[PDB]
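A short worksheet on the structure shown next.
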Number of protein chains: 2
Amino acid sequence: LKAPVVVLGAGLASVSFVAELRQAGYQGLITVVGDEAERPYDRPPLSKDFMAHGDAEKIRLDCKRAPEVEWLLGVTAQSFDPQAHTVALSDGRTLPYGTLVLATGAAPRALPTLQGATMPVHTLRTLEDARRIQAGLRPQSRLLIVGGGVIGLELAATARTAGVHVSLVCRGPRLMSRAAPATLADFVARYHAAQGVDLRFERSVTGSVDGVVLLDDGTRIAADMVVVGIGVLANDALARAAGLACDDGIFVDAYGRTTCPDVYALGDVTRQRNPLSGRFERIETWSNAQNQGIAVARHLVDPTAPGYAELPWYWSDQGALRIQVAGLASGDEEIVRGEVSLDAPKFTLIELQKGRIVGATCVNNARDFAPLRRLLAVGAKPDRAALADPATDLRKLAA
Amino acid sequence: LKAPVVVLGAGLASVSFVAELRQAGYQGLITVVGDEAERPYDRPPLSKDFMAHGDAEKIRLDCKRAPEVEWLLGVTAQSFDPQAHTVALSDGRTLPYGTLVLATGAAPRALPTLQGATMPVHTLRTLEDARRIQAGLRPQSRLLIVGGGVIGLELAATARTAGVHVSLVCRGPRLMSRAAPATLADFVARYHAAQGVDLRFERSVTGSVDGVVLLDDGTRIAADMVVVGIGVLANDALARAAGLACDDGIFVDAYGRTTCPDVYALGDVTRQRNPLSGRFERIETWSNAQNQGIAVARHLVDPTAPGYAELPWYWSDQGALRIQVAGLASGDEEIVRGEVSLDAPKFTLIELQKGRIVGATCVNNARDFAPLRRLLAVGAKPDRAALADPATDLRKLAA
Ligand SMILES: Cc1cc2nc3c(=O)[nH]c(=O)nc-3n(C[C@H](O)[C@H](O)[C@H](O)COP(=O)(O)OP(=O)(O)OC[C@H]3O[C@@H](n4cnc5c(N)ncnc54)[C@H](O)[C@@H]3O)c2cc1C
Ligand SMILES: Cc1cc2nc3c(=O)[nH]c(=O)nc-3n(C[C@H](O)[C@H](O)[C@H](O)COP(=O)(O)OP(=O)(O)OC[C@H]3O[C@@H](n4cnc5c(N)ncnc54)[C@H](O)[C@@H]3O)c2cc1C
């Protein structure tokens with residue numbers, strides 16, 4: 001691979017990539033440009049233990065496996081010239097590159113109807129966001145969440161534990177409409193409702209007036225704070241300007257190659273093939289950020305290595321629910337292991353397509369999740385009666 | 001650009017590309033691999049004048065502006081090795097390349113429910129298809145068309161003119177669901193119905209038994225021949241196998257670059273940015289095939305040339321209706337010029353979005369189409385009252 005290496009973005013995907021470059025044996029220059037003036041850190045605690053307990057030194061990413069990297073923190077890459085092989089920085093400097101890696105992630109989507117709001121409206125992506133929101137998470141305050149996705153629901157649980165009244169507006173009929181089985185989504189709504197979350201389905205925010213939010217059904221919700229969690233948009237502006245193929249995300253193959261020679265991309269900023277669906281998708285999971293970063297680095301140092309091939313999965317910690325989801329949300333059959341109950345929730349879902357496992361969910365059942373991911377990866381076709389039988393040991397079965 | 005040049009596919013996009021390479025001044029080797037054993041030819045007459053009059057020598061593409069090209073006709077490219085820079089051919093030979101261009105187009109989608117049918121079921125894409133279908137286009141025979149898109153409707157008109165009884169099954173509520181304003185689609189249904197086409201909306205074919213087609217509504221249609229026109233699938237298998245980013249189409253930027261260095265793609269096989277919608281789409285128009293091919297070639301020979309930038313448009317000749325459509329099918333406003341009538345049809349539609357022209361349709365009104373495409377290209381915001389006023393001259397206005 002061509003030195004020097006320059007990475008744009010200093011999130012999980014970037015850190016994972018540069019650590020793997022070093023581990024795989026690349027000893028040339030690596031320079032990382034990160035617009036946040038923060039020691040690189042992991043985002044999931046921002047909706048949970050950080051939001052609750054406030055210690056950022058418990059959430060930093062370990063860069064020790066990435067020795068001899070210059071991290072330019074608090075600096076924004078403004079453009080790159082793919083012919084000159086240079087990157088223009090906000091501090092006035094220019095970096096040369098042999099290989100450029102775009103790991104710029106994604107930014108929260110804003111709600112146009114709250115654009116000119118005069119009440120506190122925040123999104124939750126950065127340490128700065130978390131600190132700002134947390135400052136207003138006072139007991140008996142009223143929090144309104146817009147969006148029924150995982151970030152909002154993680155925040156909902158954390159806020160309720162802090163004694164914050166929580167209302168949530170979801171424009172669709174169900175929570176977690178993206179990459180979650182309906183059976184899971186239905187249960188998760190039941191759980192949050194039972195914890196005091198005031199859920200509003202099939203409602204959209206139409207605007208706001210002096211501390212009160214307005215909805216499509218002509219009604220009102222007053223709140224001390226709105227946190228908007230309606231998804232993210234890829235940070236692909238530099239790629240678009242430089243002539244790379246992008247569409248809310250930079251298109252890459254399994255080697256992380258963009259359409260521009262010597263420019264790669266990885267993490268949340270990418271649109272890539274989901275091997276289960278066979279379609280291109282923006283995969284915005286923590287596991288993708290890390291594993292795609294590692295795979296792209298490994299193949300750069302050793303071109304005989306295979307391309308990225310991992311199947312997608314994530315977790316979401318929502319109060320008492322430790323949720324794990326792998327693969328596709330549905331197939332032609334769902335198998336349920338255990339009872340689906342608010343009384344000490346513990347259950348496993350298995351999605352199949354023509355007898356083949358194409359997805360799985362575990363709630364408070366991590367022991368089963370790893371063997372199911374192994375079964376999923378090889379497209380296993382186990383006996384559906386055995387899969388249902390609670391007598392069955394999935395770990396054993398995966399062999 | 002790097003010699004030698006090898007192009008896979010010998011359709012309109014390929015011919016247009018190689019002619020532009022030569023015209024722009026590239027004098028190195030060009031070899032084109034075409035799986036059809038046919039002198040390169042244009043496809044639109046296959047649903048019209050060829051289907052009716054049968055002379056293939058009236059439909060060949062002019063390769064005269066492409067001198068010194070070796071056309072390997074009747075040969076299939078089976079794979080390419082992007083590291084070795086070679087292409088493996090079905091006749092046992094291998095071609096070396098400096099630059100590889102994938103212009104392999106798309107193939108008609110098959111209908112799974114007719115997979116094991118015992119009655120004649122054809123698609124219409126090639127000269128061989130056309131000849132085969134035409135052999136059965138006997139007066140008073142009964143033709144069933146599956147799909148409400150342009151190819152089927154063009155065939156419907158040609159068949160009706162030949163005295164063939166025509167029934168058509170469309171799974172959606174309207175014809176031309178892709179890239180046609182609803183106002184146009186509604187009128188086109190009225191026209192075909194008035195010409196004797198038996199239109200069946202919101203019906204799907206569920207199967208067939210001994211010369212009779214079965215539908216989702218539990219009913220039957222008997223026919224002497226079925227022509228299936230339910231869209232196409234990109235011929236991107238070689239790209240997928242070689243590790244390029246694809247998803248029913250090869251992703252390319254405005255230079256025609258794929259994710260693989262030294263490999264380009266153009267025409268029906270590509271997924272590319274539509275500058276009006278700002279989204280990636282497979283654009284399967286004749287004008288795209290030609291203009292994208294020309295643009296990619298021009299930039300290969302002269303890297304200072306801009307990338308492909310044309311806005312999409314097509315025509316469709318359906319009996320008495322000469323239809324032209326440019327840009328987006330809808331905006332926040334449609335302006336109608338003229339009466340929409342089966343009595344000597346002649347009218348123009350203009351789609352606007354926040355005052356800006358984003359699309360237009362002309363039916364039997366070619367004079368207006370060129371100035372509207374010029375207005376469209378520059379994002380014109382004309383006075384909506386003037387646009388409506390039939391006193392207005394659009395050609396004048398476009399200046
Ligand atoms: C609140 C929260 C909770 C989460 N919880 C979960 C969870 O329960 N499960 C799960 O699977 N995932 C969770 N995620 C974590 C998530 O999946 C990862 O953070 C993400 O996938 C990492 O991707 P990334 O490194 O590509 O992007 P990012 O983390 O966004 O990093 C990209 C960095 O590049 C910066 N950048 C952008 N443009 C430029 C530029 N021009 N110059 C320099 N820098 C630039 C960005 O500002 C950013 O700092 C959560 C995320 C959040 C925000
Ligand atoms: C019946 C019909 C009517 C039409 N009428 C209209 C119309 O009214 N308006 C309009 O805008 N467009 C019309 N189109 C025309 C159309 O838009 C063009 O034909 C098309 O866009 C050309 O794209 P192409 O050159 O990329 O692909 P193609 O024409 O499909 O050419 C690709 C060629 O590559 C070959 N190939 C594939 N794989 C390999 C391989 N491994 N090795 C070698 N060769 C390979 C294919 O077989 C094919 O011959 C019509 C098409 C048809 C079929």
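Every chain in the structure tokens has a letter given in the order shown (A, B, ...), and although residue numbers restart at 1 in each chain, ligands are simply numbered from 1 in the order shown.
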
Inset, instruction - Identify all residues of segment 194-378 of chain B in strand (DSSP E) (DSSP on the backbone) and supply them as a PyMOL selection string. - result: chain B and resi 198-200+205-209+212-215+220-222+225-228+232-234+250-251+263-265+270-274+279-281+313-318+321-327+333-337+347-353+356-363

Please produce an output containing C-alpha atoms for each residue in the selection, written as a PDB file, in the first residue's frame.
ATOM      1  CA  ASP B 198     -57.894  -5.163 -22.662  1.00  0.00           C
ATOM      2  CA  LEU B 199     -56.170  -3.604 -19.630  1.00  0.00           C
ATOM      3  CA  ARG B 200     -56.103  -5.420 -16.276  1.00  0.00           C
ATOM      4  CA  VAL B 205     -49.880 -13.621 -12.892  1.00  0.00           C
ATOM      5  CA  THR B 206     -49.974 -16.549 -10.428  1.00  0.00           C
ATOM      6  CA  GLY B 207     -49.274 -19.299 -12.935  1.00  0.00           C
ATOM      7  CA  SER B 208     -50.510 -20.990 -16.095  1.00  0.00           C
ATOM      8  CA  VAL B 209     -52.167 -24.228 -17.260  1.00  0.00           C
ATOM      9  CA  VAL B 212     -54.253 -20.249 -20.060  1.00  0.00           C
ATOM     10  CA  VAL B 213     -52.750 -17.652 -17.721  1.00  0.00           C
ATOM     11  CA  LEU B 214     -53.910 -17.446 -14.075  1.00  0.00           C
ATOM     12  CA  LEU B 215     -54.194 -14.280 -11.953  1.00  0.00           C
ATOM     13  CA  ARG B 220     -58.075 -16.644 -16.162  1.00  0.00           C
ATOM     14  CA  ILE B 221     -56.867 -15.173 -19.442  1.00  0.00           C
ATOM     15  CA  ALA B 222     -56.248 -17.467 -22.375  1.00  0.00           C
ATOM     16  CA  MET B 225     -48.541 -16.006 -26.622  1.00  0.00           C
ATOM     17  CA  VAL B 226     -47.277 -14.197 -23.518  1.00  0.00           C
ATOM     18  CA  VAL B 227     -44.679 -11.428 -23.752  1.00  0.00           C
ATOM     19  CA  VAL B 228     -43.243 -10.563 -20.353  1.00  0.00           C
ATOM     20  CA  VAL B 232     -34.659  -5.647 -16.525  1.00  0.00           C
ATOM     21  CA  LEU B 233     -31.767  -6.750 -14.318  1.00  0.00           C
ATOM     22  CA  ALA B 234     -28.269  -5.351 -14.818  1.00  0.00           C
ATOM     23  CA  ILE B 250     -22.407  -1.319 -11.220  1.00  0.00           C
ATOM     24  CA  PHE B 251     -21.880   1.823  -9.158  1.00  0.00           C
ATOM     25  CA  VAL B 263     -12.276  -0.558 -14.820  1.00  0.00           C
ATOM     26  CA  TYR B 264     -15.099   1.705 -16.062  1.00  0.00           C
ATOM     27  CA  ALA B 265     -18.789   1.044 -16.737  1.00  0.00           C
ATOM     28  CA  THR B 270     -24.692   1.231 -14.340  1.00  0.00           C
ATOM     29  CA  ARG B 271     -26.117   2.768 -11.207  1.00  0.00           C
ATOM     30  CA  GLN B 272     -25.341   6.472 -11.289  1.00  0.00           C
ATOM     31  CA  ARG B 273     -26.301   9.831  -9.853  1.00  0.00           C
ATOM     32  CA  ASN B 274     -29.420  11.468 -11.206  1.00  0.00           C
ATOM     33  CA  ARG B 279     -29.982   9.919  -5.824  1.00  0.00           C
ATOM     34  CA  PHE B 280     -28.303   6.927  -7.455  1.00  0.00           C
ATOM     35  CA  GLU B 281     -30.507   5.152  -9.991  1.00  0.00           C
ATOM     36  CA  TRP B 313     -35.022  11.996 -20.689  1.00  0.00           C
ATOM     37  CA  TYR B 314     -36.647   9.492 -23.034  1.00  0.00           C
ATOM     38  CA  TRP B 315     -39.270   9.100 -25.724  1.00  0.00           C
ATOM     39  CA  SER B 316     -41.773   6.321 -26.345  1.00  0.00           C
ATOM     40  CA  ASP B 317     -43.673   5.851 -29.580  1.00  0.00           C
ATOM     41  CA  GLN B 318     -47.010   4.207 -28.804  1.00  0.00           C
ATOM     42  CA  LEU B 321     -48.840   8.905 -29.299  1.00  0.00           C
ATOM     43  CA  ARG B 322     -45.359  10.324 -29.699  1.00  0.00           C
ATOM     44  CA  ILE B 323     -44.403  10.664 -26.020  1.00  0.00           C
ATOM     45  CA  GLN B 324     -41.388  12.605 -24.737  1.00  0.00           C
ATOM     46  CA  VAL B 325     -40.524  12.813 -21.019  1.00  0.00           C
ATOM     47  CA  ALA B 326     -37.699  14.708 -19.352  1.00  0.00           C
ATOM     48  CA  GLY B 327     -36.553  14.938 -15.753  1.00  0.00           C
ATOM     49  CA  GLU B 333     -46.881  21.589  -9.091  1.00  0.00           C
ATOM     50  CA  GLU B 334     -47.910  20.443 -12.566  1.00  0.00           C
ATOM     51  CA  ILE B 335     -48.743  22.908 -15.332  1.00  0.00           C
ATOM     52  CA  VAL B 336     -50.779  21.592 -18.288  1.00  0.00           C
ATOM     53  CA  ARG B 337     -50.497  23.248 -21.725  1.00  0.00           C
ATOM     54  CA  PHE B 347     -50.335  18.474 -24.904  1.00  0.00           C
ATOM     55  CA  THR B 348     -47.408  19.473 -22.724  1.00  0.00           C
ATOM     56  CA  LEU B 349     -46.858  18.935 -18.989  1.00  0.00           C
ATOM     57  CA  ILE B 350     -44.433  20.895 -16.857  1.00  0.00           C
ATOM     58  CA  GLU B 351     -43.429  19.740 -13.370  1.00  0.00           C
ATOM     59  CA  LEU B 352     -42.115  22.322 -10.950  1.00  0.00           C
ATOM     60  CA  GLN B 353     -40.590  22.245  -7.492  1.00  0.00           C
ATOM     61  CA  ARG B 356     -38.158  25.573 -10.643  1.00  0.00           C
ATOM     62  CA  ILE B 357     -38.803  23.307 -13.633  1.00  0.00           C
ATOM     63  CA  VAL B 358     -37.806  19.757 -12.660  1.00  0.00           C
ATOM     64  CA  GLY B 359     -39.510  17.831 -15.477  1.00  0.00           C
ATOM     65  CA  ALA B 360     -41.627  18.017 -18.628  1.00  0.00           C
ATOM     66  CA  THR B 361     -43.737  15.856 -20.928  1.00  0.00           C
ATOM     67  CA  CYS B 362     -44.761  16.401 -24.517  1.00  0.00           C
ATOM     68  CA  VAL B 363     -47.272  14.265 -26.353  1.00  0.00           C
TER      69      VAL B 363
END

Give me, as a Markdown table, the closest atom pair and its distance (Å, one decimal) for every residue of chain A within a cut-off of 7 Å of ligand 1, counting only C-alpha atoms and all ligand atoms, rows sorted by chain and rising number.
| residue | atom | partner | partner_atom_place_in_ligand_line | distance |
| --- | --- | --- | --- | --- |
| A:8 | CA | ligand 1 | 43 (C) | 5.2 |
| A:9 | CA | ligand 1 | 34 (O) | 3.2 |
| A:10 | CA | ligand 1 | 33 (C) | 5.0 |
| A:11 | CA | ligand 1 | 31 (O) | 3.5 |
| A:12 | CA | ligand 1 | 25 (O) | 3.9 |
| A:13 | CA | ligand 1 | 25 (O) | 3.7 |
| A:14 | CA | ligand 1 | 25 (O) | 5.8 |
| A:33 | CA | ligand 1 | 43 (C) | 5.1 |
| A:34 | CA | ligand 1 | 44 (N) | 4.0 |
| A:35 | CA | ligand 1 | 44 (N) | 3.9 |
| A:36 | CA | ligand 1 | 49 (O) | 5.5 |
| A:42 | CA | ligand 1 | 19 (O) | 6.1 |
| A:43 | CA | ligand 1 | 52 (C) | 4.6 |
| A:44 | CA | ligand 1 | 4 (C) | 3.5 |
| A:45 | CA | ligand 1 | 3 (C) | 6.4 |
| A:46 | CA | ligand 1 | 1 (C) | 4.8 |
| A:47 | CA | ligand 1 | 1 (C) | 4.6 |
| A:75 | CA | ligand 1 | 43 (C) | 6.1 |
| A:76 | CA | ligand 1 | 42 (N) | 3.8 |
| A:77 | CA | ligand 1 | 42 (N) | 3.9 |
| A:78 | CA | ligand 1 | 41 (N) | 5.6 |
| A:103 | CA | ligand 1 | 26 (O) | 5.3 |
| A:104 | CA | ligand 1 | 34 (O) | 3.6 |
| A:105 | CA | ligand 1 | 27 (O) | 3.3 |
| A:106 | CA | ligand 1 | 30 (O) | 5.0 |
| A:107 | CA | ligand 1 | 30 (O) | 6.7 |
| A:124 | CA | ligand 1 | 1 (C) | 5.5 |
| A:125 | CA | ligand 1 | 53 (C) | 3.8 |
| A:126 | CA | ligand 1 | 53 (C) | 6.3 |
| A:150 | CA | ligand 1 | 8 (O) | 6.6 |
| A:151 | CA | ligand 1 | 3 (C) | 5.3 |
| A:235 | CA | ligand 1 | 38 (N) | 5.7 |
| A:238 | CA | ligand 1 | 41 (N) | 6.7 |
| A:266 | CA | ligand 1 | 26 (O) | 6.4 |
| A:267 | CA | ligand 1 | 26 (O) | 3.5 |
| A:268 | CA | ligand 1 | 26 (O) | 3.8 |
| A:269 | CA | ligand 1 | 26 (O) | 5.8 |
| A:284 | CA | ligand 1 | 21 (O) | 4.8 |
| A:285 | CA | ligand 1 | 11 (O) | 3.9 |
| A:286 | CA | ligand 1 | 17 (O) | 3.5 |
| A:287 | CA | ligand 1 | 11 (O) | 6.0 |
| A:288 | CA | ligand 1 | 21 (O) | 6.7 |
| A:289 | CA | ligand 1 | 23 (O) | 4.9 |
| A:314 | CA | ligand 1 | 11 (O) | 4.2 |
| A:315 | CA | ligand 1 | 9 (N) | 4.9 |
| A:316 | CA | ligand 1 | 8 (O) | 3.8 |
| A:317 | CA | ligand 1 | 8 (O) | 5.9 |

For the selection just defined, write its residues with C-alpha atoms to a file, as a PDB file, in the first residue's frame.
ATOM      1  CA  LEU A   8     -10.189  11.683   7.878  1.00  0.00           C
ATOM      2  CA  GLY A   9     -12.231  11.237  11.032  1.00  0.00           C
ATOM      3  CA  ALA A  10     -11.101   9.951  14.439  1.00  0.00           C
ATOM      4  CA  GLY A  11     -14.030   7.845  15.588  1.00  0.00           C
ATOM      5  CA  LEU A  12     -14.213   4.113  16.226  1.00  0.00           C
ATOM      6  CA  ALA A  13     -13.836   3.140  12.562  1.00  0.00           C
ATOM      7  CA  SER A  14     -10.723   5.292  12.165  1.00  0.00           C
ATOM      8  CA  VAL A  33      -7.538  14.314  11.143  1.00  0.00           C
ATOM      9  CA  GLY A  34     -10.346  14.604  13.702  1.00  0.00           C
ATOM     10  CA  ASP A  35     -12.674  17.586  13.825  1.00  0.00           C
ATOM     11  CA  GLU A  36     -13.693  17.060  17.457  1.00  0.00           C
ATOM     12  CA  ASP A  42     -16.630   5.527  22.102  1.00  0.00           C
ATOM     13  CA  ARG A  43     -20.208   6.776  21.564  1.00  0.00           C
ATOM     14  CA  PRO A  44     -22.495   4.113  23.083  1.00  0.00           C
ATOM     15  CA  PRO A  45     -21.924   5.248  26.699  1.00  0.00           C
ATOM     16  CA  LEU A  46     -23.256   8.697  25.743  1.00  0.00           C
ATOM     17  CA  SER A  47     -26.854   7.446  25.998  1.00  0.00           C
ATOM     18  CA  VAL A  75      -8.957  20.082  12.909  1.00  0.00           C
ATOM     19  CA  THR A  76     -11.444  19.835  10.016  1.00  0.00           C
ATOM     20  CA  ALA A  77     -10.507  18.447   6.607  1.00  0.00           C
ATOM     21  CA  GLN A  78     -12.062  20.935   4.207  1.00  0.00           C
ATOM     22  CA  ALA A 103     -13.810   7.594   8.076  1.00  0.00           C
ATOM     23  CA  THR A 104     -15.949  10.658   8.709  1.00  0.00           C
ATOM     24  CA  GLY A 105     -19.054   8.866   9.975  1.00  0.00           C
ATOM     25  CA  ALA A 106     -22.480  10.485  10.013  1.00  0.00           C
ATOM     26  CA  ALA A 107     -24.290  13.399  11.635  1.00  0.00           C
ATOM     27  CA  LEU A 124     -27.289  13.148  20.640  1.00  0.00           C
ATOM     28  CA  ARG A 125     -24.089  12.161  18.823  1.00  0.00           C
ATOM     29  CA  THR A 126     -21.060  13.766  20.481  1.00  0.00           C
ATOM     30  CA  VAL A 150     -32.278   2.899  19.437  1.00  0.00           C
ATOM     31  CA  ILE A 151     -30.535   6.114  20.555  1.00  0.00           C
ATOM     32  CA  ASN A 235     -20.678  12.915   6.305  1.00  0.00           C
ATOM     33  CA  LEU A 238     -15.619  15.885   0.857  1.00  0.00           C
ATOM     34  CA  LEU A 266     -15.057   2.815   6.045  1.00  0.00           C
ATOM     35  CA  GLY A 267     -17.568   2.957   8.879  1.00  0.00           C
ATOM     36  CA  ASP A 268     -20.802   4.925   9.175  1.00  0.00           C
ATOM     37  CA  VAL A 269     -19.925   7.066   6.130  1.00  0.00           C
ATOM     38  CA  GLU A 284     -24.327   2.099  11.114  1.00  0.00           C
ATOM     39  CA  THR A 285     -23.482  -0.456  13.789  1.00  0.00           C
ATOM     40  CA  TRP A 286     -20.589  -0.342  16.239  1.00  0.00           C
ATOM     41  CA  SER A 287     -19.496  -3.798  15.049  1.00  0.00           C
ATOM     42  CA  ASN A 288     -19.381  -2.609  11.446  1.00  0.00           C
ATOM     43  CA  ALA A 289     -17.274   0.409  12.355  1.00  0.00           C
ATOM     44  CA  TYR A 314     -25.766  -4.864  17.006  1.00  0.00           C
ATOM     45  CA  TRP A 315     -26.783  -4.610  20.636  1.00  0.00           C
ATOM     46  CA  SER A 316     -28.865  -2.006  22.441  1.00  0.00           C
ATOM     47  CA  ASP A 317     -28.993  -1.614  26.199  1.00  0.00           C
TER      48      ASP A 317
END

Taking only C-alpha atoms into account, which residues of chain B are within 7 Å of chain A, as a short mmCIF file (atom, residue, chain, number, x, y, z; two decimals) with N, CA, C and O atoms, in the first residue's frame?
data_model
loop_
_atom_site.label_atom_id
_atom_site.label_comp_id
_atom_site.auth_asym_id
_atom_site.auth_seq_id
_atom_site.Cartn_x
_atom_site.Cartn_y
_atom_site.Cartn_z
N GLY B 243 -15.14 -8.33 -7.82
CA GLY B 243 -15.04 -7.56 -6.59
C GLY B 243 -15.42 -6.09 -6.66
O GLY B 243 -15.09 -5.31 -5.76
N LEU B 244 -16.12 -5.69 -7.72
CA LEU B 244 -16.59 -4.31 -7.86
C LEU B 244 -17.86 -4.09 -7.02
O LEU B 244 -18.62 -5.02 -6.77
N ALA B 245 -18.09 -2.85 -6.60
CA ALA B 245 -19.34 -2.52 -5.92
C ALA B 245 -20.52 -2.52 -6.90
O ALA B 245 -20.53 -1.76 -7.86
N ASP B 247 -25.05 -3.44 -7.16
CA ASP B 247 -26.33 -3.78 -6.55
C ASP B 247 -27.39 -3.66 -7.62
O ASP B 247 -28.03 -2.61 -7.75
N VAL B 252 -21.09 3.69 -10.48
CA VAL B 252 -20.06 4.52 -11.09
C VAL B 252 -20.24 5.98 -10.73
O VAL B 252 -21.35 6.42 -10.44
N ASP B 253 -19.14 6.72 -10.76
CA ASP B 253 -19.20 8.18 -10.61
C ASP B 253 -19.39 8.84 -11.98
O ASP B 253 -19.65 8.15 -12.98
N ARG B 257 -16.09 5.73 -13.52
CA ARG B 257 -15.23 4.86 -12.72
C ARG B 257 -16.01 3.94 -11.79
O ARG B 257 -16.94 4.37 -11.13
N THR B 258 -15.61 2.67 -11.77
CA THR B 258 -16.11 1.70 -10.80
C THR B 258 -15.21 1.75 -9.58
O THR B 258 -14.26 2.54 -9.55
N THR B 259 -15.48 0.89 -8.61
CA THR B 259 -14.58 0.82 -7.46
C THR B 259 -13.25 0.13 -7.73
O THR B 259 -12.37 0.13 -6.89
N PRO B 261 -9.76 -0.02 -9.82
CA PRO B 261 -8.88 0.79 -10.68
C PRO B 261 -8.78 0.23 -12.10
O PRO B 261 -8.67 -0.99 -12.27
N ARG B 279 -30.07 11.31 -6.27
CA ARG B 279 -29.98 9.92 -5.82
C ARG B 279 -29.35 9.04 -6.90
O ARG B 279 -29.39 9.38 -8.09
N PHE B 280 -28.82 7.90 -6.49
CA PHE B 280 -28.30 6.93 -7.46
C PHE B 280 -29.44 6.07 -7.99
O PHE B 280 -30.31 5.64 -7.24
#

Which residues are near residue 378 of chain B? Cut-off 12 Å, only C-alpha atoms, ignore same chain within fewer than 3 positions. Put them as a CSV table (one decimal) with N, CA and C atoms, in the first residue's frame.
chain,number,residue,atom,x,y,z
B,275,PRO,N,-28.8,13.8,-11.4
B,275,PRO,CA,-28.5,15.2,-10.8
B,275,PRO,C,-29.8,15.9,-10.3
B,276,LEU,N,-30.9,15.6,-10.9
B,276,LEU,CA,-32.2,16.2,-10.4
B,276,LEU,C,-32.7,15.7,-9.1
B,309,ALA,N,-23.0,14.8,-17.1
B,309,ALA,CA,-23.8,15.8,-16.4
B,309,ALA,C,-25.2,16.0,-17.0
B,310,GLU,N,-25.5,15.2,-18.0
B,310,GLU,CA,-26.8,15.3,-18.7
B,310,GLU,C,-28.0,14.9,-17.8
B,311,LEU,N,-29.1,15.6,-18.0
B,311,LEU,CA,-30.3,15.3,-17.2
B,311,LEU,C,-31.1,14.2,-18.0
B,356,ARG,N,-39.2,26.0,-9.7
B,356,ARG,CA,-38.2,25.6,-10.6
B,356,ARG,C,-38.7,24.4,-11.5
B,357,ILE,N,-38.4,24.4,-12.8
B,357,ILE,CA,-38.8,23.3,-13.6
B,357,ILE,C,-37.9,22.1,-13.3
B,358,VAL,N,-38.5,21.0,-13.0
B,358,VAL,CA,-37.8,19.8,-12.7
B,358,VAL,C,-38.2,18.6,-13.6
B,359,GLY,N,-39.1,18.9,-14.5
B,359,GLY,CA,-39.5,17.8,-15.5
B,359,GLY,C,-40.5,18.3,-16.5
B,371,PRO,N,-36.9,23.2,-26.1
B,371,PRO,CA,-36.8,24.3,-25.2
B,371,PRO,C,-37.1,24.0,-23.8
B,372,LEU,N,-38.0,23.1,-23.5
B,372,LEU,CA,-38.3,22.7,-22.1
B,372,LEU,C,-37.1,22.0,-21.5
B,373,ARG,N,-36.4,21.2,-22.3
B,373,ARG,CA,-35.2,20.5,-21.8
B,373,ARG,C,-34.1,21.5,-21.5
B,374,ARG,N,-34.0,22.6,-22.3
B,374,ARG,CA,-33.0,23.6,-22.0
B,374,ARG,C,-33.4,24.4,-20.7
B,375,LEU,N,-34.7,24.7,-20.6
B,375,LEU,CA,-35.2,25.3,-19.3
B,375,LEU,C,-34.9,24.4,-18.1
B,381,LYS,N,-36.8,29.2,-13.5
B,381,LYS,CA,-38.0,29.5,-12.7
B,381,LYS,C,-38.9,30.5,-13.5
B,382,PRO,N,-39.5,30.1,-14.5
B,382,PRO,CA,-40.4,31.0,-15.3
B,382,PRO,C,-41.7,31.3,-14.6
B,398,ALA,N,-37.2,30.3,-23.5
B,398,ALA,CA,-35.9,29.7,-23.2
B,398,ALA,C,-34.7,30.6,-23.5
B,399,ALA,N,-34.9,31.9,-23.6
B,399,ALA,CA,-33.9,32.8,-23.9
B,399,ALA,C,-34.2,34.2,-23.3

Inset, instruction - Tell me which of B:15, B:100, B:143, B:56 sits closest to ligand 2, counting only C-alpha atoms and all ligand atoms. - result: B:15

Inset, instruction - One decimal, Å: what's the distance from atom CA of residue 283 of chain A over to atom CA of residue 204 of chain A, could you say? - result: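 Atom CA of residue 204 of chain A lies 25.3 Å from atom CA of residue 283 of chain A.
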